[PDB]
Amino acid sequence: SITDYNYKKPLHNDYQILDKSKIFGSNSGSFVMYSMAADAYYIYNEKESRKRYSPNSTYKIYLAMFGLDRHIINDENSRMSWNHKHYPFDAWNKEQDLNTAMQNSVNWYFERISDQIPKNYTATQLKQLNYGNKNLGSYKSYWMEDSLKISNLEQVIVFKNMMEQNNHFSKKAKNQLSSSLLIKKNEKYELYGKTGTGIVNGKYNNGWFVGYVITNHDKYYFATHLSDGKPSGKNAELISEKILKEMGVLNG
């Protein structure tokens, strides 16, 4: 409870300090990146990077993986019919597959997955993944400004480990998840990721962008968290992309 707001485990790694305060501007937060070739971490605002926040829609990454693992969806059929409930976003008011659900951050699709996953399986997975505080609370949308929290630094460690280590998750599930996360591809790179946005009292409280980049030469996992200013998922994405471009990760 007391420091389940904080990730205190140190890195058995090389960790390079960054200054991206100019790109963040009047936004508060942190940026973490890991290079697979260097096996090294680059961090802006290491202090903020270890403070745990609700993952919001970034957790859909994991609900997707859990849904694939448990065969709730698969590569032949990940489609789910709209139940004819009018949401205030037209992209939600229709049938979805994993790709559209992930792209448009359709809560009801991922809530429908969560509803079919037994709590004991989720507790086991968060323990094995080392996902943040692993706090499931009431087990009702626990990832949306609720009990479950994770740090920006952990967003990178946990995602990298889940994808890159040989674990109980199949390659095909990781591949289908990856496809759902692809944002941009040109001759130089592929950019994958997921936004998250928390809203408290009609105001932005918490912005995320978690993802990875494949180039010709390397693979980088990264995440941006915004705690203040204009802390939206969209804004976290723009900041991520400016930082990655500057660092030579994104060309073209």
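When you see a residue number, it is the position in the sequence shown, counting from 1.
### Query
Taking only the CA atoms, which stretch has the higher mean B-factor in the record, 117-125 or 80-88?
Mean CA B-factor is higher for 80-88.
### Query
In the PDB record, does 230-238 or 16-24 carry the higher mean Cα temperature factor?
Comparing 230-238 with 16-24, the higher mean C-alpha B-factor belongs to 16-24.
### Query
Looking at 52, 203, 194, 219, which has the highest CA B-factor as recorded?
Answer, based on the entry's C-alpha B-factors: 203.
### Query
Among 112, 160, 171, 149, which residue carries the highest C-alpha B-factor recorded in the PDB entry?
Most elevated C-alpha B-factor of the set, per the entry: 171.
### Query
So where's residue 69 on the chain's Cα temperature factor ranking, which third?
Middle third.
### Message
Ranking every modelled residue in this chain by its Cα temperature factor as given in the entry, which third contains residue 93?
### Response
For residue 93, the deposited C-alpha B-factor lands in the highest third.
### residue 154 by Cα B-factor - lowest, middle or highest third of the modelled chain
Lowest third - that is where residue 154 ends up once the chain's C-alpha B-factors are sorted.
### Task
For residue 104, return the chain-relative third of its C-alpha B-factor as stated in the PDB record: lowest, middle or highest.
Middle third - that is where residue 104 ends up once the chain's C-alpha B-factors are sorted.
### Message
Using the temperature factors of the C-alpha atoms in this entry, rank residue 180 within its chain: lowest, middle or highest third.
### Response
Bottom third by C-alpha B-factor.
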